[PDB]
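# quick one: initial chain(s) of a complex, as found there:
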Amino acid sequence: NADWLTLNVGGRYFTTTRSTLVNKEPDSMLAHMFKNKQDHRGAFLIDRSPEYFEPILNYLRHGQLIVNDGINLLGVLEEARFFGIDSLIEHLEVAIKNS
Amino acid sequence: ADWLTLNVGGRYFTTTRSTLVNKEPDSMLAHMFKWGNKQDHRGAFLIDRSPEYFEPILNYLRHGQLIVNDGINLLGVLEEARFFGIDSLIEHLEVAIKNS
Amino acid sequence: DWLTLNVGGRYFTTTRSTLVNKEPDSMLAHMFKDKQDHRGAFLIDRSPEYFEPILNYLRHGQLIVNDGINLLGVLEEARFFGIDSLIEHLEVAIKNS
Amino acid sequence: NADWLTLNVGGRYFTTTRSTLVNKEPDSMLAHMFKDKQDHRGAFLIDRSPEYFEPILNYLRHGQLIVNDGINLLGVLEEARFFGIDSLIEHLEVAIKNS
């Protein structure tokens, strides 16, 4: 809420808050990352896909899985696994059971 | 007349204060003209939301109409509409999702 | 003569000639005959996503868009900026979609 | 020749080589442009659409027409005519004959 952070994911810059990253849930890699490496703009470097990082950060923001038509849910699942957000993994699995 | 830049999720939007304050003024968005969110390096006011689902919001602020392209999940628009507190667009969106 | 436009946050670049020749009767051409930001770009409080087909139509006089984009979005910028011919093209385009 | 060139197309920056812009289309406007109008970043200014310019540049790169679903081929055809690359014009016309 008060502490602003910038994340360099794969070359794309996201801006968020520490509170968003460490809360809901605190038991993910992401949360333990921000409590390393610095790029040329101060942002913290992450070697993943930013295209499939959007729904991850959004789910961190409001706890809901929202995505546009045609977007492969497998990538989102992969990134969710990497960062270790369990709830989103479950939601994604019950989402891929019936597509 | 008075131009503002917003940093939403890492994406920069340029508009005017008039667009944000007017139509409608009983949202937190309009209330953000009085808040310690101003400082990034380009002077843009920081907002921790999805920029992808923010463009229809700003456009609705610009011309009072809901326009999005095919395949766009307007649930994500509804969530932003709730967060920023634009009630008219919330209604618009609900009657929009009633039959899709 | 080169100009840069800041539309809704997105920077487009085009000659003044394209903005003024064809569509000499509405606000776009009338703006550029002679308010700016740091990069010297002319500020426009509209949607850039629906602004690209407008500028394309200014460039070669044709309405070309990919599958899925809402023609209403293009029509709203077309009304705002005031390109009559493109408004006609768009209306006859929405007649049968 | 074989210098790294930057093109400012419609406000979007593309990076390539002179070789790519000259060879496999020596009889086009593009090739005729780069043998010897710059913005501040030194990029050469082109007043066209970048969204329909990427497939053009790609065709320059590997001589093939590749485009995602839903992309209007007409927009590519117009740029194809403007830059005067006849082979790609032919490809495009036989591509629009059956869509």
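Okay, I see it. Numbers count the residues shown, from 1 in each chain, chains lettered A, B, ... in the order given.
# how many other residues sit next to residue A:48?
15 (other CB atoms under 10 Å in any protein chain shown). From N, CA and C alone the C-beta is placed, and that goes for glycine too.
# Does it touch residue A:11 like I think?
No - here residue A:48 does not reach residue A:11: they are 10.6 Å apart, not a contact under CB atoms under 8 Å.
# And the strands in chain A?
For chain A, applying DSSP state E gives strands covering A:4-9, A:12-17, A:44-46.
# So what's the residue count around the closest residue to chain B within chain A?
Residue nearest to chain B within chain A: residue A:69 (3.0 Å; CB to the nearest CB). Using other CB under 10 Å, residue A:69 has 10 neighbouring residues.
# ok, residue A:12 to chain D distance?
Using CB to the nearest CB, to the nearest Å, residue A:12 is found at 16 Å from chain D.
# ok so, going back, pull the contacting residues for the residue of chain A closest to chain B.
Contact analysis of residue A:69 by CB atoms under 8 Å, 6 or more residues apart in numbering or on different chains lists B:70-73.
# burial measure for residue A:51, as a count.
15.
# nope, residue A:74 is what I was after
By other CB under 10 Å, the residues close to residue A:74 number 11.
# go on, residue A:77?
Residue A:77, neighbours per other CB under 10 Å, totals 18.
# Would you mind confirming that it makes contact with residue A:94?
No - at 11.5 Å, residue A:77 does not count as touching residue A:94 under the criterion of CB under 8 Å.
# centroid residue for chain A?
residue A:56 (3.4 Å; CA atoms, centre = their mean).
# who's in contact with that one?
Applying CB under 8 Å, 6+ apart, the residues contacting residue A:56 are A:76, A:79-80, A:83, A:85, A:88.
# can you do 10 Å?
Residue A:56 is in contact with A:9, A:14, A:28, A:30, A:48-50, A:65, A:76, A:79-80, A:82-83, A:85, A:88, counting by CB atoms under 10 Å, 6 or more residues apart in numbering or on different chains.
# Quick one: residues contacting residue A:94.
Contacts of residue A:94 (CB under 10 Å, 6+ apart): residue A:65.
# Residues of chain A that sit close to chain D?
residue A:70 (CB under 10 Å from any CB of the partner chain).
# Closest residue of chain A to chain D?
For chain A, CB to the nearest CB, closest residue to chain D: residue A:70, 8.6 Å.
# Could you give the number of residues near that residue?
By other CB under 10 Å, the burial measure for residue A:70, its neighbour count, is 10.
# show me what contacts it?
Residue A:70 touches B:70-71, C:68, D:69-70, counting by CB under 10 Å, 6+ apart.
# And residue A:11, by the same measure?
A:45, A:47, A:50.
# Would you mind giving these as TSV with neighbour count added?
Output for those, formatted as TSV (neighbours: other CB atoms under 10 Å in any protein chain shown):
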residue	neighbour count
A:45	13
A:47	9
A:50	19
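# just those residues now: which is nearest chain C?
residue A:50 (18.4 Å).
# Pull the contacting residues for that closest one.
A:7-14, A:56-57, A:79, B:10.
# now with 8 Å?
Residue A:50 touches A:9-12, A:14, counting by CB under 8 Å, 6+ apart.
# Quick check: the two most widely separated of those residues?
A:11 and A:14 (11.2 Å; CB to CB).
# can you pull out the helices in chain A?
A:18-22, A:29-33, A:54-62, A:73-83, A:86-97 (DSSP state H).
# Ranking those helices by mean neighbour count, which comes first?
Stretch with highest mean neighbour count among these: helix A:54-62 (a mean of 22; mean count of other CB atoms under 10 Å in any protein chain shown).
# got the angle for it vs strand A:4-9?
For helix A:54-62 against strand A:4-9, the angle by axes from the mean of the first three to the mean of the last three CA atoms, to 10 degrees is 160 degrees.
# ok now helix A:54-62, how far from the chain's centre?
Between the centre of helix A:54-62 and the centre of its host chain there is 6 Å, according to CA atoms, centre = their mean, to the nearest Å.
# to the structure above, add chain E:
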Amino acid sequence: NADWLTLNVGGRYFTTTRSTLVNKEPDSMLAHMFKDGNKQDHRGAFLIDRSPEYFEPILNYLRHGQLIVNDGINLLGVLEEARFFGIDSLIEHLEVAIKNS
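Placed with the earlier chains, chain E looks like this:
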């Protein structure tokens, strides 16, 4: 893991690690970053004259060894880049992917 690199592909900047570029395909031309590539822009990114739009799935496959793209994406554009950079496994994967839509 520790060594960060920026690639300028066709004008678009990707950021990754040398580890990702040289492991899980050390015999592809990309592994020419197994040494340090003496062509750099002003920012310092290594220049590559290809399409960035079809470079995303390549780099992602380098990252987690899986072919993941959204609906409507022309797989041919990915195949061309895979051929250029010389990732054979991805070429096989793509070939068995295209012969049945």
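# What about the contacts of residue A:69 again, now that chain E is present?
Here residue A:69 is in contact with B:70-73, E:71 (criterion: CB under 8 Å, 6+ apart).
# please redo it, this time with the cut-off set to 10 Å
Contacts for residue A:69 (CB under 10 Å, 6+ apart) come out as B:69-73, C:68, E:70-72.
# ditto for residue A:93
Contacts of residue A:93 by CB under 10 Å, 6+ apart are A:73, A:77, A:80.
# Repeat that for residue A:72.
So, once contact is read as CB under 10 Å, 6+ apart, residue A:72 ends up touching A:51-52, A:78, A:96, E:67-71, E:73.
# again, only using 7 Å
E:68-70 (CB atoms under 7 Å, 6 or more residues apart in numbering or on different chains).
# which residue does chain A bring closest to chain E?
Closest to chain E within chain A is residue A:70: 3.1 Å, counting by CB to the nearest CB.
# Show which residue of chain A lies farthest from the average position.
Quick read of chain A (CA atoms, centre = their mean): farthest out is residue A:98, 23.4 Å.
# For residue A:25, the count of nearby residues, please.
In terms of burial, residue A:25 registers 15 neighbours under the definition other CB under 10 Å.
# same deal with residue A:46?
Using other CB under 10 Å, residue A:46 has 21 other residues around it.
# In this structure it contacts residue A:5, no?
No - contact criterion CB atoms under 7 Å: residue A:46 and residue A:5 do not qualify, at 11.6 Å.
# now residue A:66, nearest residue through space, not along the chain?
Leaving aside its chain neighbours, residue A:66 sits nearest to residue B:76 (4.1 Å; criterion: CB to CB, 6 or more residues apart in numbering or on different chains).
# Am I right that residue A:16 is in contact with residue A:5?
Yes - here residue A:16 reaches residue A:5: they are 6.0 Å apart, a contact under CB under 7 Å.
# Which of these two has more residues huddled nearby?
A side-by-side neighbour count of residue A:16 and residue A:5, using other CB under 10 Å, places residue A:16 first with 21 against 18.
# residue contacts, that one?
A:5, A:7, A:57, B:48.
# Might you report the residue contacts of the first one?
So the one you mean is residue A:5. A:16-18, A:21, A:34.
# do residue A:79 as well
A:48-49, A:52-53, A:56.
# before we move on, what about residue A:6?
Listed by CB under 7 Å, 6+ apart, the contact partners of residue A:6 are A:13, A:15, A:41-43.
# who wins for neighbours among those residues?
residue A:15 (22 neighbours).
# residues in contact with it?
Contacts of residue A:15 by CB under 7 Å, 6+ apart are A:4, A:6, B:7, B:9-10, B:46.
# ok, now with 8 Å
Contacts of residue A:15 by CB under 8 Å, 6+ apart are A:4-7, B:7, B:9-10, B:40, B:46, B:48.
# what does residue A:30 give?
Residue A:30 neighbours (CB under 8 Å, 6+ apart): A:21-22, A:60, A:83-85.
# hmm, try it at 10 Å
Taking CB under 10 Å, 6+ apart as the criterion, residue A:30 is in contact with A:7, A:20-22, A:46, A:56-57, A:60, A:82-85.
# same question, residue A:35
Counting by CB under 10 Å, 6+ apart, residue A:35 has contacts A:18, A:21-22, A:26.
# pretty sure residue A:51 contacts residue A:9?
Yes - counting by CB atoms under 10 Å, residue A:9 is a contact partner of residue A:51 at 9.3 Å.
# list the contacts for residue A:2?
A:17-19, B:36-37.
# Oh, that last question was meant for residue A:23, not what I typed.
A:1, A:17, A:31, A:60.
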